[PDB]
C-alpha cells in the first residue's frame, strides 16, 4: 500500500478537501511530499490536502493556465517566482500573511524571491541549490583534489578526461547549467531593467561549454537526467540541483561525493542557481479550503516537516528552526552532504522573475544553448538570436 492510497481514503472521509497541484513525477521528492500530507491529514478531523500530480513543473504551469480559462483552480500549487509573476497579472493569488502564516525564521533569500511590491505571495517549500556532484573513487585514482575554483575545475576535468579516454564533466545543455557558468564569470541577466541574454559574460559562458565539448572534457547529456546516464563511460563531476541527491545516490556504482561549487577564487564557493518551488494559495479557493491551506503551510514550515522533507530529498531547509531540529541534526551528524548543501545555499543566485521567463529559459535561451553545444552554432550568434526573440516576446 502506497501513501497516495492512504490520501485517497483520508479525503473521501473528509468534509473539506484542499487540492495541491505539484510537479513531482516520482522518487523521494514525491514520496516526502505524500508522507508530509499523510501526517498532516491524520491530525485533522474531516479536513485534508489531496496532492494531485500534473507531470513536470512545465506541465503544472500549463494546466494552471488552463485551470484559469476553465474556472476551477486548486487551493494550492507549486510555482517558480516567475510563474508567481504570471498569476499576479491575473490577480489569482492570496497574500500569504493575510492568511496569518508566520514567516519569521524563513530564509530571507527565499522570502525576498516570493515578495512582489513588498507583499509575499508564496511560501518557500522545496528549494534547491546547484552543487558539485563528483566521483570520489575517480578523483582518488588520479590524486586530483576536489576543485575549489573555476580554473581548478577546467584543469581537473581535462586531467581526468585525458587519463580515462573520455569527457568527465557531464552537463545538460540547458539554461540552469549555463546559469552556473554565466553567474561565476560576472554575468547578470538585467542591465538597467532590460533582460540581456547576449552580454559578453553570456558569450564567454556558452563558449566555455562549447570549447569543453570540442576539447573532449565536457559531455553534453541529451536524453534523461545526468543520474539516468551514469555507468556509460567515465564520470568525474556534474553541476546539478541538490534535489537530484537521492537519484544520484540510487544510480551511482561509485562512491558519490557532494561539494560546494567552484568559484572565481578560494575566498568563496561559486554561486549556485536556486530552483524548486514555493506553495501559492489561489483566491478562487473557499474560506474553508484557505483555512486548511494556512494550517498546512504552518505544518510545512514546522521544523520537523522541514527537517524530514530536506533529509529525505536533499532540498534546502527554508527555516532557521529546521537546523535546530534533532532529526535534521541526527542526519547531518551521519551525513556531511547535508551541511554541504546548506553551506552552498548561502551563495545562491536566482533567474529573473519576469512573467515570460519560463518560456524564455526553455524555448529561447535553452534552444540557443542547444544550437551552440549540439549543432556547433557560434555562441555569440546563437545568443544574439535569443536576444532578438526575447525582445519580440516582451514587446508583444
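Numbering follows the first chain given and starts at 1.
*Give the stretch, out of 218-226 and 193-201, with the larger mean C-alpha temperature factor in the deposited entry.*
Stretch with the greater average CA B-factor: 193-201.
*Averaging only over Cα atoms, indicate whether 130-138 or 146-154 has the higher B-factor in the PDB entry.*
Averaging CA B-factors over each stretch, the winner is 146-154.
*In terms of CA temperature factor as recorded, identify the highest of 169, 87, 125, 80.*
Across 169, 87, 125, 80, the entry lists the biggest C-alpha B-factor for 87.
*Specify which of 359, 44, 367, 340 carries the largest Cα B factor in the deposited PDB entry.*
If I rank 359, 44, 367, 340 by C-alpha B-factor, first place goes to 44.
*Looking at the entry's B-factor column for C-alpha atoms only, identify whether residue 39 ranks in the lowest, middle or highest third of its chain.*
For residue 39, the deposited C-alpha B-factor lands in the highest third.
*Looking at the C-alpha B-factor of residue 61, is it in the lowest, middle or highest third of its chain?*
Top third by C-alpha B-factor.
*asked:* Please place residue 68 in the lowest, middle or highest third of its chain according to the CA B-factor in the PDB entry.
replied: Within its chain, residue 68 is a highest-third residue by C-alpha B-factor, going by the deposited values.
*Which third, lowest, middle or highest, does the CA B-factor of residue 29 fall in along this chain?*
Tercile = lowest for this residue's CA B-factor.
*Consider only the C-alpha atoms of the modelled residues in this chain, order them by B-factor as the entry records it, and name the third containing residue 238: lowest, middle or highest.*
Tercile = lowest for this residue's CA B-factor.
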